[PDB]
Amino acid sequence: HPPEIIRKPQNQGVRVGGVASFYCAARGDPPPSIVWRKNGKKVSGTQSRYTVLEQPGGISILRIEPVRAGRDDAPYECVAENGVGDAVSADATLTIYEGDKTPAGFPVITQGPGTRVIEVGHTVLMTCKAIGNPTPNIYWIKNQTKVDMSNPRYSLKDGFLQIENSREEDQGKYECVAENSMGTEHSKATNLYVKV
């Protein structure tokens, strides 16, 4: 059976020097593989600044950082192939904004997470203060992948990430992402250290 894309990548508008990422998810029988194309050519995670992350659920993420004007702004494609003769694809473009040429209402992170040390068993609240029009959605990434918010110790409070009863496992490099219809901004990433 032909594969189907259950989550299409979305156009991204990002500031020069920032982080861009596209998400794609596909499934099928036989199970499909996902590849990313840029200007019609395969993208390889072997090249610097480009990273391809796979996760269970048929998920592939293309992450680019830092983005360079003239180099990374292009139409991309997610292509899901089953290896037996069928493929499907979905397009998404990366638009890069230099200087103050951002769309009006583009998300601004006025305070991102800062370097923090927390004692085991203590609660930490990581700040992400962002503004935009529309009001931005906020989500959290640790070590390049979305934080699993189904963890009962993790929750969002007005966009801030709360980790209760911290464990050594929680340590890592966190960033928040502020997104709306006008663009996407990643905060600088910072270390959470858990002191035992």
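One rule holds for the numbers: they count along the sequence shown, beginning at 1.
- Looking at mean Cα B-factors across 60 to 68 and 47 to 55, the upper value is held by 47 to 55.
- Comparing 83 to 91 with 108 to 116, the higher mean C-alpha B-factor in the PDB entry belongs to 108 to 116.
- Across the options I163, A26, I138, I141, the residue with the most elevated CA B-factor in the record is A26.
- Split the chain's modelled residues into thirds by C-alpha temperature factor. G99 is in the highest one.
- The entry lists a Cα temperature factor for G132 that places it in the lowest third of the chain's modelled residues.
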